[PDB]
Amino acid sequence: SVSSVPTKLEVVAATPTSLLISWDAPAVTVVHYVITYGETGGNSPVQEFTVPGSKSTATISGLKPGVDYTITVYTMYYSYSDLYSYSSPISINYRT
């Protein structure tokens, strides 16, 4: 009934080696967000970290300059029917 996926994922600020991203929270109790990032340009390992549910921004560091990254966010959220479960992801591309 209610989407648990964040919306309007975007890069709000950037340096050659880092990205400040933000999104709009979904209308559910988010316990934490999981942020993934990896080079868009072949088999290169995707990395992940968590951000608390009250935050709707995150910094990604230690990137390489001039490289395309695929960045995704999904939620670990509480709901009545599923208790703690994971949403689908929202995804963007950004070139440092």
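Take the two forms, superpose them, and find the largest set of C-alpha atoms that agree within 1.5 Å; that set is the rigid core. Position 1 is the first residue in the sequence shown; the rest follow in order.
**Message:** Can you check whether 39 to 47 or 22 to 30 lies farther from the displayed model in 5 other deposited structures of this protein, averaging C-alpha distances as RMS after superposing on the core?
**Reply:** Result of the core-fitted comparison in 5 other deposited structures of this protein: 39 to 47 deviates more.
**Request:** Tell me which of 37 to 45 and 52 to 60 has the higher mean C-alpha B-factor in the deposited entry.
**Result:** Stretch with the higher mean C-alpha B-factor: 37 to 45.
**Item:** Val73 by Cα B-factor - lowest, middle or highest third of the modelled chain
**Value:** For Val73, whose C-alpha B-factor we compare with every modelled residue in the chain, the answer is the lowest third.
**Message:** Is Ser88 in the lowest, middle or highest third of its chain when residues are ranked by C-alpha B-factor?
**Reply:** Lowest third, going by the recorded CA B-factors of the chain.
**Message:** Lowest, middle or highest third: which one holds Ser81 when the chain's residues are ordered by CA B-factor from the entry?
**Reply:** CA B-factor rank for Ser81: highest third.
**Asked** So where's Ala27 on the chain's Cα temperature factor ranking, which third?
**Response** Answer is highest: the recorded C-alpha B-factor places it there.
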